[PDB]
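# Give me the fold of what follows.
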Amino acid sequence: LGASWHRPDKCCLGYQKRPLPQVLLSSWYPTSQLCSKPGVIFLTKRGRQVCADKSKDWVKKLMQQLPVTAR
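Residues are numbered from 1 along each chain as shown. Now the structure:
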């Protein structure tokens, strides 16, 4: 504990598991590499974040459909 927030557990242990539509998606940001199984989270336009693994199929298309959260 102690400012645990300082630790961004973005390395979602599990992923969406389902293919979401880019019709409402915005972009996607990659997690750290110091994880047991880090992938990439998708930040919908106005929806929410979604952990996914580029390894997937729909997650791959999105990567090409969207750029990446850089800021």
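# Find the centremost residue of the chain, please.
By CA atoms, centre = their mean, the chain has its centre lying nearest to residue 41, at 0.8 Å.
# from memory it sits against residue 52, does it?
Yes. Counting by CB atoms under 8 Å, residue 52 is a contact partner of residue 41 at 7.2 Å. From N, CA and C alone the C-beta is placed, and that goes for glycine too.
# Now the common contact residues for these two.
residue 28 (CB atoms under 8 Å, 6 or more residues apart in numbering).
# quick check, the residue nearest to the centre of the chain in a strand?
Yes. Under DSSP: H, G, I helix; E, B strand; the rest coil, residue 41 sits within a strand.
# beta partners of it?
residue 29, residue 51 (DSSP bridges).
# List the contacts of it.
10, 12, 28-29, 31, 49-52.
# Of these, grab the buried ones for PyMOL.
Only the buried entries of the contacts of residue 41 go into this PyMOL selection, using 16 or more other CB atoms under 10 Å:
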select buried, resi 10+12+28+31+50+51+52
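# Pick the one among the contacts of residue 41 closest to residue 66.
residue 28 (5.8 Å; CB to CB).
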